[PDB]
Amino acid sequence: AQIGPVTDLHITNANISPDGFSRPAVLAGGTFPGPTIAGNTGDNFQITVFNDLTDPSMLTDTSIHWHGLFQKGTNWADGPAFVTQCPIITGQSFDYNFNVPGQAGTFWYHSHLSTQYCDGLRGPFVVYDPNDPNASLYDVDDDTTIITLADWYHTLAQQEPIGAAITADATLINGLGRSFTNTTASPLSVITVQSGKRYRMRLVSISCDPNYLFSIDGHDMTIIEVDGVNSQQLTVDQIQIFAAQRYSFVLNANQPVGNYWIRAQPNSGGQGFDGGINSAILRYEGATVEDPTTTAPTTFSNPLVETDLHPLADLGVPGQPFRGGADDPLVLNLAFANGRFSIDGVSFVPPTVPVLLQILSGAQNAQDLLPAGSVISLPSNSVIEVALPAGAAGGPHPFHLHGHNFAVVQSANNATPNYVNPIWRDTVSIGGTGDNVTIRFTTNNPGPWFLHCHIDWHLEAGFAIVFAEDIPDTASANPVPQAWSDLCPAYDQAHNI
């Protein structure tokens, strides 16, 4: 049931009841999560998105981001509304036509207009590698080995009251789970394995907000990929996964034939597993069809710690081995007050003219780009360092950069940087008060790339900036199709702008 690399994707409204409570949703492919889009490394994806939305309570416009894909030469296809495009209006379609050179791993797609992905438009995106260096570590890698973790809300995203705390109502594992309050015995997801086989489980957080503590009773997990980056094998018994992150792990079906709880404990919302909340079932072939009776430990023996991850390939770290040892070293001031986030004293409010369009129209420095103060120029062919010191309320904040992955030179909860062999990824927790999480990358992809907290509620409240990488080369590097050029006039007409 995987679709792609060339496919239609219809976006519609429908009622769904993934925890036994019915509500309307915004869906790709008629389901929550959406269908898996898949192809092989280097493929041309042609995803024609049909906007068939009619319920204004969840917005009738849309735009879809392909999270983690670099979009080199195709910045217009990246998806963030008002950064790279105007939204697609209802009754229209748009062909996201791009290539995935040099990438293979586990990705996802989601609406990138307002908080609309929280209403349901989220799904997995897998780029297989026919020559995968990790192939011999497992026997099975297919749609049945994808595990999605999602938060689900009973209140519609646009209808979350101003100044009330937002928490989810259920954790969904592969689209099913039980509500934290008024819990009913709605069906749980089942992941089926065969005794003796080894599985590449692809763990995808499609969360709008919480991080999860993910574990499988009786089993351990050997991490082999992080946000699209192959890793050295790291065996763990629990993974803390933040919004938008992905891990692949090998699961060895080496326990007695039976039923085992799969656990995903969010950092907010319901605590524990009473009534089967926060749970799914790992069932071996031949086991009785019944709920697991297993328990978690009190304390996990080998939780994932991010500094223990290292790339499988010799990726190194660009620049020099000390703070500020980059061509463009930046330190962002990340703050929250009075309901709004800010970066360097500016709260992000999406502009009327998308940033890419402003560049292609001739705005050639970042001081000329709107929103004022929210667009930072980066020079071409340069090592960039970005320090993201934590402290702003609502953390721990998972920061994400479009167009790039990056070396995580300093991670949460550990003051020691690693300039030798840190993992590279695309979404990183910036940790807690006093931390100084820091990332490095090189600028070889001209275009405006969003940088933001991936808790969608924080993005909406302004926790974002745009890196306008290599403004002078953006137009030549990113030729745009006529259909893209048509988006802004159509949106502005339909909205009387």
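For every residue, the number given is its place in the sequence shown, counted from 1. Between two forms, the rigid core is defined as the largest C-alpha subset superposing within 1.5 Å.
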Greater root mean square CA deviation, 161-169 compared with 190-198 in 8 other deposited structures of this protein, core aligned: 161-169
Taking the mean of the C-alpha B-factors per stretch from the entry, tell me the winner out of 225-233 and 388-396. 388-396
Stretch with the greater mean C-alpha B-factor as recorded in the entry, comparing 264-272 against 68-76: 264-272
Between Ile277, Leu113, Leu176, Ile376, let me know which has the highest C-alpha B-factor in the entry? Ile376
From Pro87, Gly403, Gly120, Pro187, pick the one with the largest CA B-factor in the entry? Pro187
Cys488 - Cα temperature factor, lowest/middle/highest third of chain: highest
Lowest, middle or highest third of the chain for the C-alpha temperature factor of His219? highest
Of the three thirds of its chain by CA temperature factor, lowest, middle or highest, which one includes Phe249? lowest
Of the three thirds of Cα B-factor ranks in this chain, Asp327 occupies the highest
Where the record places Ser361 (Cα B-factor, split into thirds across the chain): highest
